[PDB]
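Per-entry structural report
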Amino acid sequence: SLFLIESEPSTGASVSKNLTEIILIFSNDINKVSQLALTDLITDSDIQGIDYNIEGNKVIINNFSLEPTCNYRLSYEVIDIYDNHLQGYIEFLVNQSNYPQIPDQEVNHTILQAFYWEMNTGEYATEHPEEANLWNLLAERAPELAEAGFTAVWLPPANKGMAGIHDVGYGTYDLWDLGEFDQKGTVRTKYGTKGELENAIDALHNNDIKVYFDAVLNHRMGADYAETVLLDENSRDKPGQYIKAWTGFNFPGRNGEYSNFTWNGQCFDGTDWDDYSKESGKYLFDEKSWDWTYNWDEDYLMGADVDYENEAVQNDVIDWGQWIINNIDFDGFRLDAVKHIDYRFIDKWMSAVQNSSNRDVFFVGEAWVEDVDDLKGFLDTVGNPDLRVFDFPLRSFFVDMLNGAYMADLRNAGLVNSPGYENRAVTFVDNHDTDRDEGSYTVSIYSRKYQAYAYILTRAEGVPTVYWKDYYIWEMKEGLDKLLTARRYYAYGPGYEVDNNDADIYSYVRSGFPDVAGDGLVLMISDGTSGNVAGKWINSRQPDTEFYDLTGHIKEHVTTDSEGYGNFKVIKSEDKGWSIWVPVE
Ligand SMILES: [Ca+2]
Ligand SMILES: [Ca+2]
Ligand SMILES: [Ca+2]
Ligand SMILES: [Ca+2]
Ligand code: NA
């Protein structure tokens with residue numbers, strides 16, 4: 001039975017104006033092409049003089065020249081060798097060739113999270129062998145990341161963890177070992193060597209991309225030796241008992257390189273394992289107190305807990321902070337488990353590290369707090385103005401959209417819309433904790449993900465993060481790249497909320513820069529399912545201007561009146577319910 005197996009370009013694609021042919025691949029060998037037309041859908045005129053040629057089960061169509069920003073349909077009726085008839089079509093959009101010219105200092109910022117939990121494991125290692133060596137890959141890919149519009153990359157923890165080569169990076173063992181020393185059965189980390197990493201950073205800086213380090217400062221794991229430790233009278237478990245604590249770290253493999261600091265019992269407030277009784281608990285060490293944290297009793301999380309009241313410990317870790325930026329040339333950090341670490345210490349280190357260099361070091365904390373007020377109150381407590389946080393509040397809205405949400409409420413959702421806190425939001429859709437095959441605390445954004453990316457990447461505030469697993473593993477690249485184009489060239493100037501949002505449609509306006517031609521955009525997203533085209537009358541702030549949907553979804557243009565208003569459209573479906581209207585000229 002006759003069907004189209006695939007086409008190049010694929011239906012829905014955005015293509016180069018230099019596309020020279022369309023290949024259609026069919027199920028059976030093809031006897032005939034009865035009708036073929038390539039149509040410009042804006043003017044509704046067929047391109048005269050196209051040619052085709054039959055090769056077994058393939059049909060190559062050529063002899064055309066496509067205009068930028070134009071939507072085309074290739075319609076065909078073929079008869080196969082068993083006299084089956086198949087009628088069908090493919091559609092595609094041509095990329096803009098002449099983009100708006102944005103002054104380099106105003107270009108929008110955009111982060112790629114360069115990892116996922118199961119990288120280089122199970123089928124992932126099979127289907128994606130290039131990820132057995134992440135530093136080398138990021139090196140290879142720097143120029144295409146930059147072409148995509150990424151301005152920074154957040155790396156997985158680059159230091160040696162307690163599971164060695166299988167450590168995703170959070171079983172922190174040695175901060176000063178970046179896959180330079182044979183420790184935990186491996187010289188390299190799961191991701192590569194120190195040299196490879198230094199390679200990648202040059203690769204990336206070479207293409208004008210920053211590199212953030214994922215600093216896990218709360219705990220330590222895989223200690224070199226155990227120690228007998230008495231537990232405080234205030235310990236929740238086994239108070240005033242003696243336990244055998246895995247608390248000795250001296251990093252034999254590194255042998256003092258970079259830092260000769262070593263760790264024991266007095267470097268930690270406590271632990272969760274007693275190797276005498278072979279029991280888990282929460283164990284507070286004699287004369288230690290849990291450090292000051294936003295919420296009561298949340299210093300203790302897992303592993304051996306760092307005592308950031310200890311001055312020697314504060315000093316070694318401030319020194320590493322500094323080494324990472326000034327010596328290893330990173331441009332910033334993600335701060336794992338930021339609310340489980342002494343707030344006074346986080347402010348002190350953020351200040352020491354910021355103060356040690358002329359570069360403006362970027363900092364973002366992982367504080368999994370879905371209420372905005374609670375999260376602002378955490379920012380207030382830490383009280384260091386450089387401290388950004390991930391907008392888990394906003395993501396809670398994208399979880400709400402999984403089975404339908406009240407879409408007008410996106411006007412006020414997340415840290416990213418809280419007055420006085422909007423620029424401290426690092427917005428995202430999924431990450432390694434929220435999108436993981438097994439053992440997640442949440443549900444991934446498994447539906448309406450494109451809508452959620454469009455919202456964050458068009459916004460005037462915050463800094464958006466794309467997830468590697470979305471972009472490269474679930475293969476959302478094709479659709480994401482169109483949103484990344486929007487952000488890179490169009491999402492500029494003041495942002496405006498509109499007055500006609502409802503249960504199912506949210507629209508938003510970026511007016512463009514006055515002193516830049518052809519930038520600006522109208523976003524419309526929907527959680528509707530009716531399967532059809534809805535309009536909203538929106539003031540684009542650009543009088544007498546022809547716009548088109550750069551997503552390829554709506555195959556018409558919209559021209560605004562002399563007040564700048566126009567009827568902009570979106571398709572109310574899960575699959576295609578996002579549109580981004582940009583100027584054609
Ligand atoms: Ca802690
Ligand atoms: Ca303490
Ligand atoms: Ca809705
Ligand atoms: Ca403009
Ligand atoms: Na502590």
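This part covers the overall build of the chain. Looking only at helices and strands, one finds 10 helices and 33 strands in the chain. Each principal axis of the C-alpha distribution contributes one length, and for the chain these read about 85 × 55 × 45 Å. Per-residue burial over the chain gives 57% buried out of 585 residues. Partitioning the intrachain contacts of the chain with sequence separation of at least 6 by distance along the chain shows that 68% fall at a separation of at least 24. Accessible surface, the chain: about 23800 Å² in total, of which carbon and sulfur atoms supply 43%. Across the chain, the mean location of the 45 positive side-chain charges is 1 Å away from that of the 100 negative side-chain charges.

This part is about the sheet that holds strand 2 (residues 14–15). Pairing is mixed in the open sheet, where 5 strands are placed in the order 2-9-8-4-5. Edge positions in the open sheet fall to strand 2 and strand 5 (45–46), since each of these has one partner strand only. Judged from the 9 bridges that link them, strand 8 (residues 71–80) and strand 9 (residues 85–94) form a sheet pairing that is antiparallel. Looking across to strand 9, one finds that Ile79 is bridged to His85.

What the domain assignment reports for the chain is domain 1 (3–95), domain 2 (103–216 + 311–490), domain 3 (218–310) and domain 4 (494–585). In this structure, domain 3 and domain 4 have C-alpha centres spaced 56 Å apart.

Note on the calcium ion (ligand 4): its protein donors are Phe513 (O), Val516 (O) and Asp519 (OD). The metal-donor distances range over 2.3 to 2.4 Å. Sequence spacing of the donors to the calcium ion (ligand 4): F-x2-V-x2-D.

Below, the discussion takes up the side chain of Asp316. As for its placement among the helices and strands, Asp316 is situated in helix 4 (residues 311–327). The side chain of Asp316 is buried and forms no salt bridge, while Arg220, the nearest opposite charge, is found at 5.2 Å. A distance of 3.1 Å separates polar atoms of two side chains, one belonging to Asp316 and the other to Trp176. At 2.7 Å, the side chain of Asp316 and the side chain of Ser259 are in polar contact. Once residues within four sequence positions are removed from consideration, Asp316 is found in contact with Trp176, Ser259 and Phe261.

Taken together, the protein donors to the calcium ion (ligand 3) comprise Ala405 (O), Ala503 (O), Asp504 (OD), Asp527 (OD) and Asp527 (OD), at separations of 2.3 to 2.4 Å. Read in sequence order, the donor residues coordinating the calcium ion (ligand 3) give the pattern A-x97-A-D-x22-D. Note that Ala405 is positioned in the loop between helix 7 (392–400) and strand 24 (425–427) and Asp504 in the loop between strand 26 (495–497) and strand 27 (505–510), a separation of 99 residues in sequence. For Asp504, a relative accessible area of 29% gives the class partly exposed.

In the segment running from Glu8 into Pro9, the intervening peptide bond is cis, with an omega of 10°. Inspection of the secondary structure assignment puts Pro9 in the loop between strand 1 (4–8) and strand 2. Backbone geometry at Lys184 places phi at a positive 65°, although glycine is not the residue there. With respect to the helices, strands and loops of the structure, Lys184 is situated in the loop between strand 13 (172–174) and helix 3 (194–206).

Once that is clear, we can look at the sheet that holds strand 6 (residues 51–55). Sheet architecture is open: 4 strands sit in the order 1-3-7-6, paired in antiparallel fashion. Of all strands in the sheet, those bounded by a partner on one side alone are strand 1 and strand 6. Sheet twist, expressed as the mean angle between neighbouring strand axes with direction ignored, is 15°. Pairing of strand 3 (residues 21–26) with strand 7 (residues 58–62), which is carried by 5 bridges, proceeds in the antiparallel orientation. Opposite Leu24, over in strand 7, you have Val59 as the bridge partner.

Looking now at the packing of aromatic side chains. Counted under the stated rule, the structure contains 46 aromatic pairs. Relative to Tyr170, the ring of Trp117 lies with its centre 6.1 Å away and its plane at 0°, an arrangement referred to as stacked. Taken as a pair, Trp117 in the loop between strand 10 (111–113) and helix 1 (122–127) and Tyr170 in the loop between strand 12 (160–161) and strand 13 lie far apart in primary sequence, 53 residues in all. Ring centres 6.4 Å apart and planes at 15° place the aromatic pair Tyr506 and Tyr508 in the stacked group. One aromatic cluster is present, formed by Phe115, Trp154, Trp368, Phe390, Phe392, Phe428 and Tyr441 through successive ring pairs. Over the aromatic face of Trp117 sits the side chain of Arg436, whose NZ or CZ is 3.7 Å from the ring centroid. The ring centre of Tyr496 lies 3.8 Å from the NZ or CZ of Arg541, which sits over that ring.

What follows deals with the nonpolar core. Soluble globular proteins tend to pack their nonpolar side chains together in the buried interior. In terms of nonpolar packing, the biggest core is built from 137 residues, with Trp320, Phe333, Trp349 and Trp468 touching the most fellow members. Setting aside residues no more than four positions away along its own chain, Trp349 makes contact with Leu217, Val317, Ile318, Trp320, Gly321, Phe333, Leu335, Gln354 and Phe363. Within the second largest apolar cluster, 24 residues are counted, among which are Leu2, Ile22, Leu66 and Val94.

On the secondary structure map, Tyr471 appears in helix 9 (residues 468–473). Here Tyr471 falls in the buried class, since its relative accessible area comes to 3%. The spacing of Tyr471 and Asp481 is 10 residues in sequence and 8.9 Å in space, taken between C-alpha atoms. Leave out the neighbours within four places in its chain, and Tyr471 touches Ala148, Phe150, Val466, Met476, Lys477, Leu480, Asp481 and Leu484. Separated by 3.3 Å, the side chains of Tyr471 and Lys477 make a polar contact.

Let us look at helix 3. Counted at 1.5 Å a residue, the expected span for helix 3 with its 13 residues is 18 Å, and the 18 Å between its end C-alpha atoms agrees. Inspection of helix 3 places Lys194, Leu197, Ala200, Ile201, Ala203 and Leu204 among the buried residues, and these make up the whole buried set. Contacts made by the buried residues of helix 3 are with helix 2 (134–148), strand 11 (152–154), strand 14 (210–215) and helix 4. The positive-phi residue at the C-terminal boundary of helix 3 is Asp208, with phi of around 70°.

Procedures and definitions
Residues numbered from 1 in each chain as written, not as in the entry; some residues may be left out. Chains lettered and ligands numbered in written order. Heavy atoms only, no water. Helix = DSSP H or I, 4+ residues; strand = E, 2+ residues; numbered from the N terminus. Buried < 20%, exposed > 50% of the residue type's maximum accessible area, 1.4 Å probe, protein only. Contact = heavy atoms within 4.5 Å. Areas by Shrake-Rupley, 256 points an atom, 1.4 Å probe, with all protein chains shown as cover. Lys, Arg positive; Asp, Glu negative; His and termini not counted. Charge placed at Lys NZ, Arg CZ, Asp CG, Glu CD. Pairing = 2+ DSSP bridges. Domains from an automatic or database assignment. Donors = N, O, S within 2.8 Å, 3.2 Å for Na, K, Ca; no water. Salt bridge = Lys/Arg side-chain N within 4 Å of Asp/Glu carboxyl O. Polar contact = N/O pair within 3.5 Å; in protein donor to acceptor, adjacent residues only side chain to side chain. Axes fitted to C-alpha atoms, helices over the stretch in contact; angles between N-to-C directions. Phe/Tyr/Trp six-rings, centres within 6.5 Å; stacked < 30°, edge-to-face > 60°. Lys NZ or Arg CZ within 6 Å of the ring centre and 35° of its normal. Core = buried A, V, L, I, M, F, W, Y, C linked by side-chain atoms within 4.5 Å. Expected span 1.5 Å × (residues − 1).

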